[PDB]
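We begin with a single chain expressed as structure tokens, specifically the form deposited without the named molecule.
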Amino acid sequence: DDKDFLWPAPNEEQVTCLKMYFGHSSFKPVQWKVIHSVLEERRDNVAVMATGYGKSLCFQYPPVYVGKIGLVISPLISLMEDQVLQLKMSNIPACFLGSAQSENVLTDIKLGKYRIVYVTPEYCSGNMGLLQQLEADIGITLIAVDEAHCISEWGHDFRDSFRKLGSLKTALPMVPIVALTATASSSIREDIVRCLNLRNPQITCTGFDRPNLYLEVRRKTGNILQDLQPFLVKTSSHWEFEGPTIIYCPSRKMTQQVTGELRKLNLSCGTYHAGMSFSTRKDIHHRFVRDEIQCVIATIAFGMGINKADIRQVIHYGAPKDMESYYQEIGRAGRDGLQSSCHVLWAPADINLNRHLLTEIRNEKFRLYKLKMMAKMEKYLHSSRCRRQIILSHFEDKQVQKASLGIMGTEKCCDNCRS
């Protein structure tokens, strides 16, 4: 089941509701990440989706399941009308609220007859008083701002109508905003977060094929120089990686061991883990961005807010924590769009394939969740099937796989496609 790899597990009624109103059996990890964070954590989201495949469920499902109201702010008039119609046909009361439509629907919206109200930024700008009445009388499950990049003066498609959506978090400080956009740009994501006044927002990014990322899994010997010598070059009587490199290790001890071996080659490298100070980490982080140090030997702590476009190589030195961590970490490779490589150097020895520490966990559902993820992680590494297929099938909507067939079964896809 998909639900075996979701935390927390969707309850029977959440599944029932999904089948009845949307006609789906399962939530994809990103959808569930966004939906659960809206429902339980009431948490602001920036959800980047290259396309609209699986997009609508993220903002439509929560108000429908709680039976309250969801606001969808968008300038894409015709697509809002199409979704308003598909909702109506699914027995989900929905309307396009605008100045012309007001006389017809506004009383029914104030009375709580609608699950999902689509508005323009222009109309929402003029009616902050209304939304507060809906929050007071009904309770707003979420505000979805689509084409959220239009709030950025620095993007390709600016709209003055998005300026005033900065007020939403003043009018409705307890209501979560789900910002949606097709751009993976780090600076546009920064602009969206600032302009919409989002508070510690959840960042997801899906719909992308990432053809420039190559996937390989090889057995590690354990010996650190033998394992990593294939990744090094000899130039100017010294040693270095091909380009900017992150080596992710399962423990704080391994980051010290791996660095200590690369130190013996005078390789431009630096360590990052929890135990180090924030000044030395901000040095390591700033030296990486300015290309002063070529490698960062990292625990899971190094990752969020790197925003470095030209990471050429990610090495998992040891089996990843799980497919979730693995996905987040390799996704940091090749954000410039240029050819990068993602190699896992794994052994069954590795603590992240060691089932004993899950036989410790006395909380049954959480133990049995952790076992399934450790099992899913082993099944990926043990696989002789296409690695790109496994990761897209797990995390991405089934559309993304159709587009990525080109790269798949070719030299540049993965070790298993090279046959």
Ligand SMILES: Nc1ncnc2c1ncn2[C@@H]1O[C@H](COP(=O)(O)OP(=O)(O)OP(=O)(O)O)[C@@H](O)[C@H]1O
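Numbering starts at 1 and runs along the sequence shown.
- Higher average CA B factor: 375-383, of the stretches 40-48 and 375-383.
- When 49-57 is weighed against 352-360, 352-360 comes out higher, by mean CA B-factor as recorded in the entry.
- Comparing the listed residues 233, 142, 148, 344, the entry records the largest Cα B-factor for 233.
- Residue-level inspection of the entry shows that, of 388, 394, 365, 68, 365 has the top Cα B-factor.
- Placement of the Cα temperature factor of residue 173 within the chain: middle third of the modelled residues, per the deposited record.
- Looking at the C-alpha B-factors along this chain, the one for residue 88 belongs to the lowest third.
- Per the deposited record, the Cα B-factor of residue 336 falls in the highest third when ranked against the other modelled residues of its chain.
- The deposited CA B-factor of residue 113 belongs to the lowest third of values across its chain.
- Remark: residue 95 belongs to the lowest third of its chain, ranked by C-alpha B-factor as recorded.
If you look for the form deposited with the named molecule bound, you will not find it shown, but the lines that follow are about it.
- Within 2.4 Å of backbone or C-beta atoms of the shown chain, at least 3 atoms of the named molecule land once it is superimposed from its position in the deposited bound form; the pocket counts as blocked.
- When you look in the deposited bound form, the only residue of 353, 57, 358, 66 with a non-hydrogen atom within 4.5 Å of the named molecule is 57.
- Using a 4.5 Å cutoff between non-hydrogen atoms, residue 169 does not count as a contact of the named molecule in the deposited bound form.
- At a distance threshold of 4.5 angstroms between non-hydrogen atoms, residue 27 is in contact with the named molecule in the deposited bound form.
- The named molecule is not drawn, but in the deposited bound form it has a heavy atom within 4.5 Å of residue 149.
- By the criterion of a heavy atom within 4.5 Å, residue 159 is excluded from the residues contacting the named molecule in the deposited bound form.
- Along 35-55, a non-hydrogen atom within 4.5 Å of the named molecule in the deposited bound form is carried by 50, 51, 52, 53, 54, 55, in order along the sequence.
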